[PDB]
Amino acid sequence: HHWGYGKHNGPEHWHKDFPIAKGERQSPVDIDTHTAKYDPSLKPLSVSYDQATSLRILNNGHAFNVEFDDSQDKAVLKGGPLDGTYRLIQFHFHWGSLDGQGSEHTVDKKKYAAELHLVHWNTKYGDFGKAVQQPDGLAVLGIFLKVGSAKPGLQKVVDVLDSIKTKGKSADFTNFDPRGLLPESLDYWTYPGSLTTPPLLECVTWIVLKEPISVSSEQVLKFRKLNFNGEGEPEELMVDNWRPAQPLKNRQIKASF
Ligand SMILES: COC(=O)CCN(c1ccc(S(N)(=O)=O)cc1)c1nc(C)cs1
Ligand SMILES: [Zn+2]
């Protein structure tokens, strides 16, 4: 009886195996844009993905992960609200059964169709597994997806999905450039939070871009053809793999703009 998104193992049950689910800095949150404070001391976000080395794409039974080479100083995030240098390790998405839901963060209660998370770890801690034990261990860049015009930079991901339909399946996935997933503007909101899946560790500086990217109906439809089950098991479509908004508690959301 493992965690998941279903009626019997979803977000409302996670606290039994992961008490920190009811903690003081859980994610995601609703971003109330009128209460977010503009902070002129915030720096532009520096996204340096020119040398990124993707390696593989994996269905982990919750989402799909695009994994990177994080053994050298390639694909880093810095500036913004961050101190020091955070290295990209992987990206993944959360999405809905319908276009009207799927994001984890919300903006004045608006749900987007999906949300991309680019996960980075603070190089001060030497690798990811040590970083997640620290309050400033990770930086997750969150980007909303809306349904409209296709995102040509996403198509390479979409097209490989049929090769990893089921949990545990992986495919070589080299030479994918995550710059093709970014909107034009890097304006953002930021706050201290957590992983949005178990183990729900309170280690993340969240950086959520204001501008969504557009993907097509057909692209998201292919995300919703994935399966949460393994091969040879009854089919459970991979949809609604998002945790809803958690209490803000003693936090402030800051705006770069
Ligand atoms: C003990 O730590 C974890 O399991 C975090 C799990 N996870 C993950 C899960 C969710 C998110 S989210 N949804 O908060 O961005 C980030 C990281 C990742 N593990 C690796 C090795 C890369 S990303
Ligand atoms: Zn995520």
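Along the chain as shown, residues are numbered 1 onward.
Method on record in the header is X-ray crystallography, 1.1 Å.
The backbone N, Cα and C atoms fix where each Cβ goes, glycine too.
Summarising the annotation, Swiss-Prot assigns domain 'Alpha-carbonic anhydrase' to 1-257.
What Swiss-Prot lists as active site, proton donor/acceptor is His62, and the listing cites a curator's inference. Residues within less than 8 Å, Cβ to Cβ, of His62 (active site, proton donor/acceptor) and separated from it by at least 6 positions along the same chain comprise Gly4, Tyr5, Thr197, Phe228, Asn241.
If you look up Swiss-Prot, you'll see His92, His94, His117 marked as Zn(2+) binding site, on the strength of experimental evidence. The DSSP secondary structure for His94 (Zn(2+) binding site) is strand.
According to Swiss-Prot, the phosphoserine annotation covers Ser163 (among others), on the basis of a large-scale study or a structure entry. Residues within less than 8 Å, Cβ to Cβ, of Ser163 (phosphoserine) and separated from it by at least 6 positions along the same chain comprise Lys169, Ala171. In the three-state DSSP assignment, the secondary structure recorded for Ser163 (phosphoserine) is helix.
Long-range C-beta contacts of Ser170 (phosphoserine), restricted to its own chain and to partners at least six residues apart, with a cutoff below 8 Å, comprise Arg56, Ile57, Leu58, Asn59, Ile164. Annotation note: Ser170 (phosphoserine) sits in a strand segment as assigned by DSSP. Look at Swiss-Prot and you will find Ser170 (among others) tagged as phosphoserine.
For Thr196, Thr197, the entry in Swiss-Prot reads substrate binding site. Under a cutoff of 8 A between CB atoms, and with a sequence separation of 6+ in the same chain, the neighbours of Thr196 (substrate binding site) are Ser27, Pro28, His94, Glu104, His117, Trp242, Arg243.
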Other C-beta atoms within 10 angstroms of the C-beta of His92 (Zn(2+) binding site) total 20
